[PDB]
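Asker: Handing over my_file-v8.cif, mmCIF, C-alpha atoms; chains and numbers go by the auth columns.
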data_protein
loop_
_atom_site.group_PDB
_atom_site.id
_atom_site.type_symbol
_atom_site.label_atom_id
_atom_site.label_comp_id
_atom_site.label_asym_id
_atom_site.label_seq_id
_atom_site.Cartn_x
_atom_site.Cartn_y
_atom_site.Cartn_z
_atom_site.B_iso_or_equiv
_atom_site.auth_seq_id
_atom_site.auth_asym_id
ATOM 1 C CA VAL A 1 -12.526 -7.849 6.124 0.00 211 A
ATOM 2 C CA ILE A 2 -10.106 -6.734 8.847 0.00 212 A
ATOM 3 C CA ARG A 3 -9.327 -3.466 7.049 0.00 213 A
ATOM 4 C CA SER A 4 -13.000 -2.738 6.359 0.00 214 A
ATOM 5 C CA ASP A 5 -14.139 -3.426 9.921 0.00 215 A
ATOM 6 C CA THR A 6 -11.159 -1.545 11.370 0.00 216 A
ATOM 7 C CA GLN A 7 -11.979 1.510 9.261 0.00 217 A
ATOM 8 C CA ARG A 8 -15.639 1.372 10.293 0.00 218 A
ATOM 9 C CA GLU A 9 -14.799 1.032 13.995 0.00 219 A
ATOM 10 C CA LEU A 10 -12.172 3.776 13.824 0.00 220 A
ATOM 11 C CA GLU A 11 -14.479 6.288 12.143 0.00 221 A
ATOM 12 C CA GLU A 12 -17.282 5.433 14.582 0.00 222 A
ATOM 13 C CA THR A 13 -14.888 5.999 17.492 0.00 223 A
ATOM 14 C CA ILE A 14 -13.529 9.255 16.046 0.00 224 A
ATOM 15 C CA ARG A 15 -16.985 10.725 15.357 0.00 225 A
ATOM 16 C CA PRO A 16 -18.015 11.619 18.965 0.00 226 A
ATOM 17 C CA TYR A 17 -14.766 13.500 19.637 0.00 227 A
ATOM 18 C CA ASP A 18 -15.744 15.847 16.774 0.00 228 A
ATOM 19 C CA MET A 19 -12.171 16.546 15.756 0.00 229 A
ATOM 20 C CA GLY A 20 -11.439 18.154 12.413 0.00 230 A
ATOM 21 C CA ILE A 21 -9.683 15.000 11.232 0.00 231 A
ATOM 22 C CA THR A 22 -11.272 13.090 8.359 0.00 232 A
ATOM 23 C CA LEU A 23 -10.218 9.460 7.988 0.00 233 A
ATOM 24 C CA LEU A 24 -8.737 9.175 4.505 0.00 234 A
ATOM 25 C CA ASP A 25 -7.860 5.457 4.583 0.00 235 A
ATOM 26 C CA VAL A 26 -6.723 2.477 6.676 0.00 236 A
ATOM 27 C CA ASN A 27 -4.700 -0.316 5.063 0.00 237 A
ATOM 28 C CA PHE A 28 -3.415 -3.652 6.351 0.00 238 A
ATOM 29 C CA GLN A 29 0.344 -4.158 6.620 0.00 239 A
ATOM 30 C CA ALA A 30 1.253 -7.369 8.456 0.00 240 A
ATOM 31 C CA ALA A 31 -0.168 -10.074 10.726 0.00 241 A
ATOM 32 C CA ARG A 32 3.052 -11.734 11.852 0.00 242 A
ATOM 33 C CA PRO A 33 3.011 -14.136 14.808 0.00 243 A
ATOM 34 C CA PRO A 34 4.991 -13.165 17.923 0.00 244 A
ATOM 35 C CA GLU A 35 8.737 -13.720 17.982 0.00 245 A
ATOM 36 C CA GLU A 36 8.547 -16.712 20.329 0.00 246 A
ATOM 37 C CA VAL A 37 6.596 -18.728 17.737 0.00 247 A
ATOM 38 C CA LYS A 38 8.336 -17.303 14.659 0.00 248 A
ATOM 39 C CA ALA A 39 10.921 -20.073 15.016 0.00 249 A
ATOM 40 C CA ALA A 40 8.145 -22.671 15.131 0.00 250 A
ATOM 41 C CA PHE A 41 6.470 -21.245 12.022 0.00 251 A
ATOM 42 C CA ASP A 42 9.607 -20.969 9.899 0.00 252 A
ATOM 43 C CA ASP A 43 10.629 -24.435 11.099 0.00 253 A
ATOM 44 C CA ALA A 44 7.291 -25.687 9.777 0.00 254 A
ATOM 45 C CA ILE A 45 8.129 -24.047 6.441 0.00 255 A
ATOM 46 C CA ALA A 46 11.585 -25.646 6.506 0.00 256 A
ATOM 47 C CA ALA A 47 10.035 -29.056 7.202 0.00 257 A
ATOM 48 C CA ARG A 48 7.653 -28.617 4.270 0.00 258 A
ATOM 49 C CA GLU A 49 10.699 -28.013 2.069 0.00 259 A
ATOM 50 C CA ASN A 50 12.605 -30.870 3.726 0.00 260 A
ATOM 51 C CA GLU A 51 9.922 -33.349 2.675 0.00 261 A
ATOM 52 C CA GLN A 52 10.649 -32.712 -1.008 0.00 262 A
ATOM 53 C CA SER B 1 -4.481 12.401 -3.004 0.00 113 B
ATOM 54 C CA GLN B 2 -8.036 11.375 -2.089 0.00 114 B
ATOM 55 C CA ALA B 3 -8.756 10.226 -5.647 0.00 115 B
ATOM 56 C CA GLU B 4 -5.450 8.344 -5.767 0.00 116 B
ATOM 57 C CA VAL B 5 -6.257 6.571 -2.493 0.00 117 B
ATOM 58 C CA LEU B 6 -9.735 5.620 -3.705 0.00 118 B
ATOM 59 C CA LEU B 7 -8.235 4.292 -6.943 0.00 119 B
ATOM 60 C CA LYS B 8 -5.699 2.278 -4.948 0.00 120 B
ATOM 61 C CA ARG B 9 -8.410 0.729 -2.791 0.00 121 B
ATOM 62 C CA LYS B 10 -10.790 -0.149 -5.627 0.00 122 B
ATOM 63 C CA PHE B 11 -8.065 -1.536 -7.895 0.00 123 B
ATOM 64 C CA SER B 12 -6.485 -3.521 -5.061 0.00 124 B
ATOM 65 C CA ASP B 13 -9.810 -5.133 -4.165 0.00 125 B
ATOM 66 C CA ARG B 14 -10.624 -5.960 -7.794 0.00 126 B
ATOM 67 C CA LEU B 15 -7.147 -7.363 -8.454 0.00 127 B
ATOM 68 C CA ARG B 16 -7.250 -9.415 -5.248 0.00 128 B
ATOM 69 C CA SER B 17 -10.547 -10.971 -6.326 0.00 129 B
ATOM 70 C CA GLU B 18 -9.301 -11.657 -9.862 0.00 130 B
ATOM 71 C CA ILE B 19 -5.995 -13.172 -8.723 0.00 131 B
ATOM 72 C CA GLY B 20 -7.832 -15.288 -6.168 0.00 132 B
ATOM 73 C CA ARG B 21 -9.956 -16.645 -9.001 0.00 133 B
ATOM 74 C CA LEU B 22 -6.849 -17.789 -10.919 0.00 134 B
ATOM 75 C CA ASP B 23 -3.732 -19.807 -10.124 0.00 135 B
ATOM 76 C CA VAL B 24 -0.044 -19.020 -10.558 0.00 136 B
ATOM 77 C CA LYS B 25 0.334 -20.648 -13.980 0.00 137 B
ATOM 78 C CA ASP B 26 -2.548 -18.753 -15.591 0.00 138 B
ATOM 79 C CA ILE B 27 -1.326 -15.397 -14.259 0.00 139 B
ATOM 80 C CA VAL B 28 2.356 -16.071 -15.066 0.00 140 B
ATOM 81 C CA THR B 29 2.446 -17.899 -18.399 0.00 141 B
ATOM 82 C CA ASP B 30 -0.317 -16.273 -20.470 0.00 142 B
ATOM 83 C CA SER B 31 -1.636 -12.934 -19.264 0.00 143 B
ATOM 84 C CA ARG B 32 -1.943 -11.519 -22.807 0.00 144 B
ATOM 85 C CA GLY B 33 -3.855 -8.557 -21.418 0.00 145 B
ATOM 86 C CA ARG B 34 -6.723 -10.712 -20.133 0.00 146 B
ATOM 87 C CA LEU B 35 -6.630 -10.207 -16.365 0.00 147 B
ATOM 88 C CA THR B 36 -5.461 -6.615 -16.844 0.00 148 B
ATOM 89 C CA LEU B 37 -8.165 -5.817 -19.406 0.00 149 B
ATOM 90 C CA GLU B 38 -10.765 -7.333 -17.080 0.00 150 B
ATOM 91 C CA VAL B 39 -9.523 -5.142 -14.229 0.00 151 B
ATOM 92 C CA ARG B 40 -9.518 -2.050 -16.456 0.00 152 B
ATOM 93 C CA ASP B 41 -13.020 -2.456 -17.880 0.00 153 B
ATOM 94 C CA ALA B 42 -14.306 -3.448 -14.438 0.00 154 B
ATOM 95 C CA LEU B 43 -12.906 -0.189 -13.068 0.00 155 B
ATOM 96 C CA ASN B 44 -14.417 1.914 -15.862 0.00 156 B
ATOM 97 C CA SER B 45 -17.847 0.354 -15.251 0.00 157 B
ATOM 98 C CA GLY B 46 -19.893 -0.994 -12.376 0.00 158 B
ATOM 99 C CA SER B 47 -18.938 -4.624 -12.993 0.00 159 B
ATOM 100 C CA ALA B 48 -18.594 -7.082 -10.115 0.00 160 B
#
Would you mind writing the structure in this file as structure tokens?
Answerer:
Amino acid sequence: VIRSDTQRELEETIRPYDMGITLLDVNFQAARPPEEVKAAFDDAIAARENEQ
Amino acid sequence: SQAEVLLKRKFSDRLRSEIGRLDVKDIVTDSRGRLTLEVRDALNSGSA
């Protein structure tokens, strides 16, 4: 959904400028949390392992 | 390039749906050309 809506918004935004560029494709790469909470997230993963 | 990109997008969406339908054991133990054949004949036709 994020990729589809991003592509739609990007082509709609590009259209008024009337540049020669045609939007071939937009693809999602990563949705990581910020670095300050990366420790909290991977600690949650470690706790999930630590239970077993 | 444009055709390759379109193929990537369509196949990725179809495979994501199919692999979301199944679990890890069904896609790891016994594929036997079942998920892959479904993806192939869903690409060659308008099946969804």
Asker: Find the residues of chain A that sit at most 12 Å from chain B; for each, write down the nearest two atoms and how far apart they are in Å, to one decimal. Count all atoms listed in the file. Sort by chain, then by number going up, and give it as a tab-separated table.
Answerer:
residue	atom	partner	partner_atom	distance
A:211	CA	B:125	CA	11.0
A:213	CA	B:121	CA	10.7
A:214	CA	B:121	CA	10.8
A:232	CA	B:114	CA	11.1
A:233	CA	B:114	CA	10.5
A:234	CA	B:114	CA	7.0
A:235	CA	B:117	CA	7.3
A:236	CA	B:121	CA	9.8
A:237	CA	B:121	CA	8.7
A:238	CA	B:121	CA	11.3
Asker: CA of residue 151 in chain B and CA of residue 127 in chain B, how far apart in Å?
Answerer: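 Interatomic distance here is 6.6 Å.
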Asker: To one decimal place in Å, what is the distance between CA of residue 131 in chain B and CA of residue 147 in chain B?
Answerer: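 So the two atoms, CA of residue 131 in chain B and CA of residue 147 in chain B, lie 8.2 Å apart.
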Asker: So the first atom is CA of residue 256 in chain A and the second is CA of residue 140 in chain B; what is the distance between them in Å, to one decimal place?
Answerer: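 That distance, rounded to one decimal, is 25.3 Å.
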Asker: Can you tell me, as lines of an AutoDock Vina configuration file, the centre and edge lengths (Å, one decimal) of the axis-aligned box enclosing all of range 130-137 of chain B's listed atoms after padding each side by 8 Å?
Answerer:
center_x = -4.8
center_y = -16.2
center_z = -10.1
size_x = 26.3
size_y = 25.0
size_z = 23.8
Asker: Write out as a list in words the residues lying within 12 Å of residue 155 in chain B, counting all atoms listed in the file and excluding same-chain residues fewer than 5 positions away.
Answerer: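 Contacts, with the query itself left out: residues 118, 119, 120, 121, 122, 123, 124, 125, 126, 127, 148, 149, 150 and 160 of chain B.
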Asker: Could you add the missing atoms to range 233-258 of chain A, up to N, CA, C and O atoms, and return them as a PDB file, in the frame of the given file?
Answerer:
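As a result, selection_4.pdb now contains:
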ATOM      1  N   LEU A 233     -10.945  10.710   8.164  1.00  0.00           N
ATOM      2  CA  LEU A 233     -10.218   9.460   7.988  1.00  0.00           C
ATOM      3  C   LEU A 233     -10.103   9.156   6.500  1.00  0.00           C
ATOM      4  O   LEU A 233     -11.070   8.714   5.874  1.00  0.00           O
ATOM      5  N   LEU A 234      -8.919   9.395   5.934  1.00  0.00           N
ATOM      6  CA  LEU A 234      -8.737   9.175   4.505  1.00  0.00           C
ATOM      7  C   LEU A 234      -8.745   7.689   4.162  1.00  0.00           C
ATOM      8  O   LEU A 234      -9.468   7.265   3.253  1.00  0.00           O
ATOM      9  N   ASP A 235      -7.970   6.880   4.889  1.00  0.00           N
ATOM     10  CA  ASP A 235      -7.860   5.457   4.583  1.00  0.00           C
ATOM     11  C   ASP A 235      -7.099   4.684   5.654  1.00  0.00           C
ATOM     12  O   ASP A 235      -6.197   5.225   6.301  1.00  0.00           O
ATOM     13  N   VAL A 236      -7.459   3.416   5.839  1.00  0.00           N
ATOM     14  CA  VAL A 236      -6.723   2.477   6.676  1.00  0.00           C
ATOM     15  C   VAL A 236      -6.394   1.262   5.823  1.00  0.00           C
ATOM     16  O   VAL A 236      -7.265   0.751   5.110  1.00  0.00           O
ATOM     17  N   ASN A 237      -5.143   0.809   5.877  1.00  0.00           N
ATOM     18  CA  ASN A 237      -4.700  -0.316   5.063  1.00  0.00           C
ATOM     19  C   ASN A 237      -3.903  -1.301   5.905  1.00  0.00           C
ATOM     20  O   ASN A 237      -3.118  -0.898   6.768  1.00  0.00           O
ATOM     21  N   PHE A 238      -4.114  -2.588   5.645  1.00  0.00           N
ATOM     22  CA  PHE A 238      -3.415  -3.652   6.351  1.00  0.00           C
ATOM     23  C   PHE A 238      -1.947  -3.693   5.939  1.00  0.00           C
ATOM     24  O   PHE A 238      -1.601  -3.476   4.776  1.00  0.00           O
ATOM     25  N   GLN A 239      -1.075  -3.974   6.909  1.00  0.00           N
ATOM     26  CA  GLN A 239       0.344  -4.158   6.620  1.00  0.00           C
ATOM     27  C   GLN A 239       0.820  -5.577   6.896  1.00  0.00           C
ATOM     28  O   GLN A 239       1.331  -6.233   5.983  1.00  0.00           O
ATOM     29  N   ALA A 240       0.668  -6.080   8.119  1.00  0.00           N
ATOM     30  CA  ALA A 240       1.253  -7.369   8.456  1.00  0.00           C
ATOM     31  C   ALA A 240       0.539  -7.963   9.660  1.00  0.00           C
ATOM     32  O   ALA A 240       0.106  -7.243  10.564  1.00  0.00           O
ATOM     33  N   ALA A 241       0.439  -9.290   9.658  1.00  0.00           N
ATOM     34  CA  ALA A 241      -0.168 -10.074  10.726  1.00  0.00           C
ATOM     35  C   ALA A 241       0.792 -11.152  11.202  1.00  0.00           C
ATOM     36  O   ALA A 241       0.427 -12.323  11.336  1.00  0.00           O
ATOM     37  N   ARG A 242       2.040 -10.770  11.455  1.00  0.00           N
ATOM     38  CA  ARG A 242       3.052 -11.734  11.852  1.00  0.00           C
ATOM     39  C   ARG A 242       2.715 -12.336  13.215  1.00  0.00           C
ATOM     40  O   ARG A 242       2.072 -11.690  14.047  1.00  0.00           O
ATOM     41  N   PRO A 243       3.115 -13.577  13.462  1.00  0.00           N
ATOM     42  CA  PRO A 243       3.011 -14.136  14.808  1.00  0.00           C
ATOM     43  C   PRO A 243       4.096 -13.567  15.704  1.00  0.00           C
ATOM     44  O   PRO A 243       5.079 -12.994  15.208  1.00  0.00           O
ATOM     45  N   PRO A 244       3.957 -13.691  17.024  1.00  0.00           N
ATOM     46  CA  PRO A 244       4.991 -13.165  17.923  1.00  0.00           C
ATOM     47  C   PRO A 244       6.323 -13.876  17.729  1.00  0.00           C
ATOM     48  O   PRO A 244       6.407 -14.954  17.135  1.00  0.00           O
ATOM     49  N   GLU A 245       7.381 -13.244  18.245  1.00  0.00           N
ATOM     50  CA  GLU A 245       8.737 -13.720  17.982  1.00  0.00           C
ATOM     51  C   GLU A 245       8.974 -15.107  18.565  1.00  0.00           C
ATOM     52  O   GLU A 245       9.770 -15.885  18.025  1.00  0.00           O
ATOM     53  N   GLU A 246       8.298 -15.437  19.666  1.00  0.00           N
ATOM     54  CA  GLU A 246       8.547 -16.712  20.329  1.00  0.00           C
ATOM     55  C   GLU A 246       8.088 -17.888  19.474  1.00  0.00           C
ATOM     56  O   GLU A 246       8.632 -18.993  19.585  1.00  0.00           O
ATOM     57  N   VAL A 247       7.089 -17.674  18.615  1.00  0.00           N
ATOM     58  CA  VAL A 247       6.596 -18.728  17.737  1.00  0.00           C
ATOM     59  C   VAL A 247       7.040 -18.539  16.294  1.00  0.00           C
ATOM     60  O   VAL A 247       6.696 -19.361  15.431  1.00  0.00           O
ATOM     61  N   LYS A 248       7.795 -17.478  16.002  1.00  0.00           N
ATOM     62  CA  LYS A 248       8.336 -17.303  14.659  1.00  0.00           C
ATOM     63  C   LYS A 248       9.263 -18.454  14.293  1.00  0.00           C
ATOM     64  O   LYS A 248       9.266 -18.919  13.145  1.00  0.00           O
ATOM     65  N   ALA A 249      10.062 -18.920  15.257  1.00  0.00           N
ATOM     66  CA  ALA A 249      10.921 -20.073  15.016  1.00  0.00           C
ATOM     67  C   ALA A 249      10.096 -21.313  14.698  1.00  0.00           C
ATOM     68  O   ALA A 249      10.436 -22.075  13.789  1.00  0.00           O
ATOM     69  N   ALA A 250       8.997 -21.524  15.422  1.00  0.00           N
ATOM     70  CA  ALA A 250       8.145 -22.671  15.131  1.00  0.00           C
ATOM     71  C   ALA A 250       7.555 -22.580  13.729  1.00  0.00           C
ATOM     72  O   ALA A 250       7.538 -23.570  12.986  1.00  0.00           O
ATOM     73  N   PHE A 251       7.089 -21.392  13.338  1.00  0.00           N
ATOM     74  CA  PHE A 251       6.470 -21.245  12.022  1.00  0.00           C
ATOM     75  C   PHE A 251       7.479 -21.448  10.895  1.00  0.00           C
ATOM     76  O   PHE A 251       7.213 -22.188   9.933  1.00  0.00           O
ATOM     77  N   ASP A 252       8.650 -20.814  10.988  1.00  0.00           N
ATOM     78  CA  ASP A 252       9.607 -20.969   9.899  1.00  0.00           C
ATOM     79  C   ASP A 252      10.228 -22.363   9.913  1.00  0.00           C
ATOM     80  O   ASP A 252      10.661 -22.861   8.869  1.00  0.00           O
ATOM     81  N   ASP A 253      10.228 -23.034  11.069  1.00  0.00           N
ATOM     82  CA  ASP A 253      10.629 -24.435  11.099  1.00  0.00           C
ATOM     83  C   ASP A 253       9.596 -25.314  10.409  1.00  0.00           C
ATOM     84  O   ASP A 253       9.949 -26.305   9.764  1.00  0.00           O
ATOM     85  N   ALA A 254       8.312 -24.972  10.537  1.00  0.00           N
ATOM     86  CA  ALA A 254       7.291 -25.687   9.777  1.00  0.00           C
ATOM     87  C   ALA A 254       7.502 -25.507   8.278  1.00  0.00           C
ATOM     88  O   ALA A 254       7.381 -26.465   7.501  1.00  0.00           O
ATOM     89  N   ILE A 255       7.827 -24.283   7.855  1.00  0.00           N
ATOM     90  CA  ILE A 255       8.129 -24.047   6.441  1.00  0.00           C
ATOM     91  C   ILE A 255       9.336 -24.877   6.006  1.00  0.00           C
ATOM     92  O   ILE A 255       9.336 -25.506   4.934  1.00  0.00           O
ATOM     93  N   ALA A 256      10.385 -24.887   6.831  1.00  0.00           N
ATOM     94  CA  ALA A 256      11.585 -25.646   6.506  1.00  0.00           C
ATOM     95  C   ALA A 256      11.290 -27.135   6.412  1.00  0.00           C
ATOM     96  O   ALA A 256      11.856 -27.830   5.565  1.00  0.00           O
ATOM     97  N   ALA A 257      10.411 -27.648   7.275  1.00  0.00           N
ATOM     98  CA  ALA A 257      10.035 -29.056   7.202  1.00  0.00           C
ATOM     99  C   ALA A 257       9.251 -29.354   5.929  1.00  0.00           C
ATOM    100  O   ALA A 257       9.426 -30.415   5.311  1.00  0.00           O
ATOM    101  N   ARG A 258       8.372 -28.432   5.527  1.00  0.00           N
ATOM    102  CA  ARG A 258       7.653 -28.617   4.270  1.00  0.00           C
ATOM    103  C   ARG A 258       8.623 -28.715   3.100  1.00  0.00           C
ATOM    104  O   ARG A 258       8.435 -29.536   2.194  1.00  0.00           O
TER     105      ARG A 258
END
